[PDB]
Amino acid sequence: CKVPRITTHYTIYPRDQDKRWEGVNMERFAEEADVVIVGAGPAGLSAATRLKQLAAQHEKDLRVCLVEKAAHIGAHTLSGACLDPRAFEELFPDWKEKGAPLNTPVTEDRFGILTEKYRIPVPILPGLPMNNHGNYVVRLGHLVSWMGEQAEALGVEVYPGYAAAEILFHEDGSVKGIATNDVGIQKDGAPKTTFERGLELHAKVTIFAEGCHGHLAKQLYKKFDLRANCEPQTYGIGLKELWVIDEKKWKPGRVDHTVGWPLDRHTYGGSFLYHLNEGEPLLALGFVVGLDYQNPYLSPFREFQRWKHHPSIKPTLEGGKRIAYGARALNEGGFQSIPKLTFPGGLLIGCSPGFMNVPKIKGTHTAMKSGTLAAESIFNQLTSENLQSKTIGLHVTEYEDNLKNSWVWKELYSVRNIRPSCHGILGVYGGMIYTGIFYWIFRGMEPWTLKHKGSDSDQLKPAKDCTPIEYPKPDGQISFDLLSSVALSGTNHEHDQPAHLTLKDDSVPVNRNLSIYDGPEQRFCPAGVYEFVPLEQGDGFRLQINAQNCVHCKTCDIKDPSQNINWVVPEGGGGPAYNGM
């Protein structure tokens, strides 16, 4: 054996095309519902909840099935989480006595610009977007878990551990529904004696709420040419760890943000540090880096680990304990990047299509509202005659009409130029200047909309033209390595299954990436999944994919300069085991 056909997933090598599957029956059982929702995130749960609420108010029968990758609800949820209650209280005006975990109202907002040695404080006025008056600091994972609890109580059929692995289409071309992941296929693609076909969930309308860079939505965009009038989405990667600190340095209700060191002015990114007020002297902290970065040598993980040593931060975690680690990609393309959210047989909500306010670093409240609106609109179409056809699947276009008229649209429109304004000669500092003028003073009224520089994927420079970055060795107390970090994510998968990190051509990572960019996949992956192993015969490397370490952040599918990777779901239940992240 060899070079190793790293790729054996059925999505690249159809088993309808390989002899090893000759005798196997691929017949799947099917279940019928009115609405099928993919992803138990704040958006999917908002949609599900509201739909079962609308059903109760008007006494109608509605079968709503919600499927999620996570072993249990909230396990793949990663956010820093400063919450704008606006849409949440709309869905649950009753939350306080019903027990929702919004125990930390923001009491102090701080922002600073860092240099290697110091911190420059920045005045936070009520007029800027980094103002958190009226908001809560929360462990999104727990709020999500709480939501799944209310959803079930309302009659929603929640299915954690089930990954939507395949979109179903009616012959007229509209979406019929989805099928869950099959199970029991070995690493090489061969069927096991335990092979088991997935479940088919049919509905009049399927809601897609996979979050930032959903793998089914990525293909949905293609199928219905949904990006026709929009700039492609732009992203950033968010790394995060939970810490237990010295009571003496615990300032409950405090929200910190910083820009500057260790990033150069042309690399977008920053930190967040929030003091939780849920009983323990706990801190949710993390780092963000725009995947539009240019240096192939940059490592967002090392930037984050190195960031903690800055003198304004290290003392705070000194004597502290790091108890969890996770990473997720987020949207930063904002308004200019919103695709068409509707098509025959389905809808897109939440960060999958992307409603993130990047300067506020908030996308949960808007993801919730989109779920609330999509629900109201769908129930609305299920409750009439006014029959639209030839698409057995409904085209709930009214959803986009109403979203365009909600506060969500104007909020995203108003901060649309902040992220793109960071592409000037002053980089992120130019963006700050632009924010003081056109937002703080003109609230984004300027008669124009700036554009992004294109896809994050073609923003990389060749390694020979750049200078490697010298990162410090972790000290095991404030900074750690990747392996220990992966352990604190509790992520895991059945080892004997084909890699879900699929390659379209098994030779480009060694022939192009390593050759031209020096294998950026070994540094942009926050989990150490891709590694180049020294070749046995003579001279080079081979790429090895350690699919079991994947935290499902979706970065590699976003940043690969050769766009040769396609992330798909592994067997349901695999991945992070985040608790209140």
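Residues carry their position along the shown sequence, with the first being 1.
Peer 1: Which has higher Cα B-factors on average according to the PDB entry: 294-302 or 87-95?
Peer 2: That would be 87-95.
Peer 1: Please compare 136-144 with 242-250 and say which has the higher mean C-alpha temperature factor in the record.
Peer 2: Comparing averages over the C-alpha atoms only gives 242-250.
Peer 1: From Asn357, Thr435, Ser489, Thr397, which pick has the Cα B-factor that tops the rest in the entry?
Peer 2: The record points to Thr397.
Peer 1: Among the choices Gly260, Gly454, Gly198, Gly319, identify the one whose CA B-factor in the record is greatest.
Peer 2: Highest C-alpha B-factor among the listed residues goes to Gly198.
Peer 1: Please say which third, lowest, middle or highest, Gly424 falls into when its CA temperature factor is compared across its chain.
Peer 2: Middle third, going by the recorded CA B-factors of the chain.
Peer 1: Please place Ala527 in the lowest, middle or highest third of its chain according to the CA B-factor in the PDB entry.
Peer 2: Ranked within chain, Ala527 CA B lands in the lowest tercile.
Peer 1: Compared with the other modelled residues in the chain, in which third is the CA B-factor of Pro232?
Peer 2: Lowest third, going by the recorded CA B-factors of the chain.
Peer 1: For the chain shown, is the CA B-factor of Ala203 in the lowest, middle or highest third of its modelled residues?
Peer 2: For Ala203, the deposited C-alpha B-factor lands in the highest third.
Peer 1: Once the chain's modelled residues are ordered by C-alpha B factor and cut into thirds, is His493 in the lowest, middle or highest one?
Peer 2: It falls in the middle third of the chain.
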